[PDB]
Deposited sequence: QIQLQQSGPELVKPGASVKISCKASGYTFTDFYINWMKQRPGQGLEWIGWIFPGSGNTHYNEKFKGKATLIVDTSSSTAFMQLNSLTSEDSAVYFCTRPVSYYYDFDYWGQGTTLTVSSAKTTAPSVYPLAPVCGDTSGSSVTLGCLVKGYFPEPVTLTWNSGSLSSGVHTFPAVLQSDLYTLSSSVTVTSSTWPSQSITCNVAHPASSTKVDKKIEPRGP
């Protein structure tokens, strides 16, 4: 029954501010230190600061002392972190957490809040078929999904029936839009004698695209 429950994901413009909430339940909120952490995908965590919700006393990492401001509403048992002057360097997952103690069995973590700091607006993907060069035993085809926002997109081949020898590469941010690609490898006997199609869905722009891969040539 001890939980920390953070607010949902945030999309914010450069220069703007944001307030992430951390709702404590199943224990006395005012009696325990709350830490705030920052994590970029696959990277080490950074500590921001703590707040003692009983007093509103705070201590900050020197790195974040001008970026983050910790407060509590002791009535609602909610900790809040205010991020100011936001840039793309503030794009991260933020966690609130009761720290490890010699005196308690467990530590406790919020589920995390993903913050995207971008000027980008919702944008449909361009989808391109990647056929082999004009001129082997095996053939690798491709699907290029370019210039969409926000995440995610789903990609299948022949509506999921072609799942063997498929790689779908994680999306990368190029100049405030996302690019994703996929490869599929089949035997030369299979293509181009049979139709192969990539199926791209971008729910946030209400977009579906089917691109049949056609031989290049004159």
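Trainee: So which bits of the deposited sequence did not make it into the model?
Mentor: That stretch is 136-138, the only one.
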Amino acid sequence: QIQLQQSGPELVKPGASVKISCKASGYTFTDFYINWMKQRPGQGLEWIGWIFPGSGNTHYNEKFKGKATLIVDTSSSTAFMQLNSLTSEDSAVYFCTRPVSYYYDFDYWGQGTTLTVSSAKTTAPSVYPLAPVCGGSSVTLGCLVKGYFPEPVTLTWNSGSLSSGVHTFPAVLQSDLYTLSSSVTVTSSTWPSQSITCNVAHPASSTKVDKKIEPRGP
From here on, numbers count along this sequence of modelled residues.
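Trainee: When the Cα temperature factors in the entry are averaged, is it 164-172 or 184-192 that ends up higher?
Mentor: Going by the record's values, the stretch with the higher mean is 184-192.
Trainee: Which is higher on average in the deposited entry, the C-alpha temperature factors of 53-61 or of 33-41?
Mentor: Going by the record's values, the stretch with the higher mean is 53-61.
Trainee: Based on what the PDB entry reports, which of 136, 110, 125, 142 has the top C-alpha B-factor?
Mentor: Comparing C-alpha B-factors across 136, 110, 125, 142, the top value belongs to 136.
Trainee: Name the third of the chain's ranked CA B-factors that contains residue 115, choosing lowest, middle or highest.
Mentor: Its C-alpha B-factor, which the entry lists for residue 115, ranks in the middle third among residues of this chain.
Trainee: Hey, what third does residue 18 fall into on Cα B-factor, ranked over its chain?
Mentor: Answer is highest: the recorded C-alpha B-factor places it there.
Trainee: Going by what the PDB entry lists, where does residue 83 fall on CA B-factor within its chain: lowest, middle or highest third?
Mentor: Ranked within chain, residue 83 CA B lands in the middle tercile.
Trainee: Grab the CA temperature factor for residue 72 from the record and place it in the lowest, middle or highest third of its chain.
Mentor: For residue 72, the deposited C-alpha B-factor lands in the highest third.
Trainee: Quick check for you: using the entry's CA B-factors within this chain, is residue 11 in the lowest, middle or highest third?
Mentor: Within its chain, residue 11 is a highest-third residue by C-alpha B-factor, going by the deposited values.
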